[PDB]
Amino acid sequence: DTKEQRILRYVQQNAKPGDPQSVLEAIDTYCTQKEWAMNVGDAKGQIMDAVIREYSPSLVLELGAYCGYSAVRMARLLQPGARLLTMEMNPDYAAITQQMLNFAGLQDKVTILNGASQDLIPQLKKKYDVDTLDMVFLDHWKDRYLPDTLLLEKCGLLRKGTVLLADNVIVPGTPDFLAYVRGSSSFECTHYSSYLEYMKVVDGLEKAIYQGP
């Protein structure tokens, strides 16, 4: 098996079906005690939770799903009827994520789109009936953060107040994105210093709120 299949099986055997908090705890335990994996983790996850609670977004887009940890973490905090769309290019990972969401009981709140963000973003309005997004979690390959932000804006998917929350702005880092949003009058930015998942290494999140053109 793969590490991702091992994570899934661990959840299935050490968490309670339909209990998202138990799922998060099982993943965190496995990734602390057995094998590291690139989930946002509990340190940064607590900051994400605080942000989600503040904004109560009705429609969230996540870029990069992996095994579903962040999707579970966000979706468990959504209000009834609110929704998450998550984009995942790797079909093996998409299948893990779906199974993870199913086990957590969150499958009605989340749609996992199997494809590359740069191909799926232009389809959101017509194919997926999206008007504008309330929040975007950027956590895919770091070189896509700026191009996809710019694409989201081109596609008319951002509105005044759309919250972008970007993982890993220190490690691995996303220097072009960070410079761009911090220098642009179209974003109001805040840095949340934290730690790399499961590691004593500094990392951080950036929140960038879109202000319009």
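In case it trips you up, residue 1 is the first one in the sequence shown, and so on. Think of the rigid core as the biggest set of C-alphas that the two forms share within 1.5 Å after superposition.
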Outlying stretch relative to shown form, 31-39 versus 65-73 in 5 other deposited structures of this protein, C-alpha RMS (core)
31-39
Per-stretch CA RMS vs shown form in 5 other deposited structures of this protein, rigid core as reference, larger of 104-112/139-147 is 139-147
State which stretch shows the higher mean Cα B factor in the entry: 10-18 or 189-197.
10-18
Between 167-175 and 26-34, point out the one with the higher average CA B-factor as the PDB entry records it.
26-34
Considering only 88, 92, 119, 134, which residue's Cα atom bears the greatest B-factor as recorded?
119
Lowest, middle or highest third: where is residue 139 by C-alpha B factor in its chain?
lowest
Give the position of residue 1 by CA B-factor within its chain, expressed as the lowest, middle or highest third.
highest
Considering only modelled residues of the same chain, in which third does the CA B-factor of residue 102 rank: lowest, middle or highest?
middle
Quick check for you: using the entry's CA B-factors within this chain, is residue 49 in the lowest, middle or highest third?
middle
For residue 75, the third of its chain into which the C-alpha B factor falls
middle
